[PDB]
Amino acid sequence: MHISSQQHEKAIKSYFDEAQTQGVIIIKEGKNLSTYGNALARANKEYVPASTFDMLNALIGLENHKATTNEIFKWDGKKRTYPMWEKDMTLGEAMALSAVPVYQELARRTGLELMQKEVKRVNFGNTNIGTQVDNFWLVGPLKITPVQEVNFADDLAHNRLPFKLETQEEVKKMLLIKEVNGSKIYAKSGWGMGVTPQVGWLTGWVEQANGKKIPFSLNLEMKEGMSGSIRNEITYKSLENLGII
């Protein structure tokens, strides 16, 4: 409580400065939105959601019975970009591994028509998915702002999205990435590689010991030959600098 806001700002900026990237982390305490980082103006610019869209993809899928919690999506046995994707998995493992081929399977089962209306219903980002049901979150035209992303995380953390409570829980249980100091961090990472320049995301929330939920959204530029870890390390440093974890 004794650290100056000036100091918080400078430390969080330096986290981004030390990664030699440009980015912003938005944090929501209650209804108050706070913007940090070394590139504050990214806050209301639009980027592709990339794998962040998996969270909505899973909500849509599960709500409309295109899959279940336990269903095993079989690997077709073709080569994948990463060897860890060359196995059979649930939605939940696909979420942790960011296995897009699974989420494309789920997008295909949902179908363009049902995807468009469901993404209009949820009012996610710019809400346009175009005509290609299997890559619209990767190369456009679906885009969203860091502010919009943290508000979606807030919505999801609090069960406010227009989906069943069981659906929202099922997807939330897939999102645990770290336990720290009796705080749980639930989030989804994102690395849009099919856009110039590349966008990195880590969107989610901290659930504190006491019970309050603190949504955040990190968003930065990835320069190829940069580690995906940086998204986590910057987020964790920021949340700890602000005493959120």
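The first residue of the sequence shown is number 1, and the count goes up from there.
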* Taking the mean of the C-alpha B-factors per stretch from the entry, tell me the winner out of 176-184 and 32-40. => 176-184
* Place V199 in the lowest, middle or highest third of its chain's C-alpha B-factors, as listed in the PDB entry. => highest
* Among the chain's modelled residues, which third holds the C-alpha B-factor of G211? -> highest
* By its CA B factor, does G140 count among the lowest, middle or highest third of the modelled residues in the chain? -> middle
* To do: Comparing against every modelled residue in the chain, figure out the third that the C-alpha B-factor of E224 lands in (lowest, middle or highest).
  => highest
* Sort the modelled residues of this chain by their C-alpha B factor and say whether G77 lands in the lowest, middle or highest third. => lowest
